[PDB]
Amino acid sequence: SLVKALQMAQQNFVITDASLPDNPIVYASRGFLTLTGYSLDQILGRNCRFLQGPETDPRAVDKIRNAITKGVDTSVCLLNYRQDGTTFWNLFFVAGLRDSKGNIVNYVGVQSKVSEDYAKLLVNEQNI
């Protein structure tokens, strides 16, 4: 009763269109704007990867990239950057929205800023 219990804050979510080449962001909640610091215009049309930066863990990025292309739902905690250049730890959950026949045309992303000590716990788990 933790990983899901805390993460439950859902006002931070995006929707992406997989039918467009780089699975770009087609919708972002105002909460996502608040969290990331970006305007709607500087988000829409872009792959969510733009939040990442120098100190972002590449091996973590690889894990979700694979999860997404394989269509499996997963969550991941990695280092993200705001509009201004500050960094927060992002625990986000990505889930593919399958049509009646099982094809993914949209994806849901739910983002969460997590504390330092919780991030350390989540990252170490990923290091296995």
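Residue numbers run from 1 along the displayed sequence.
Annotation for 100-108 versus 7-15: the higher mean temperature factor (C-alpha) is found in 7-15. Averaged over their C-alpha atoms, the temperature factors of 19-27 and 113-121 are higher for 113-121. Note on the listed residues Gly45, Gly85, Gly71, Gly37: the highest Cα temperature factor in the record is that of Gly85. Looking at the C-alpha B-factors along this chain, the one for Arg49 belongs to the lowest third.
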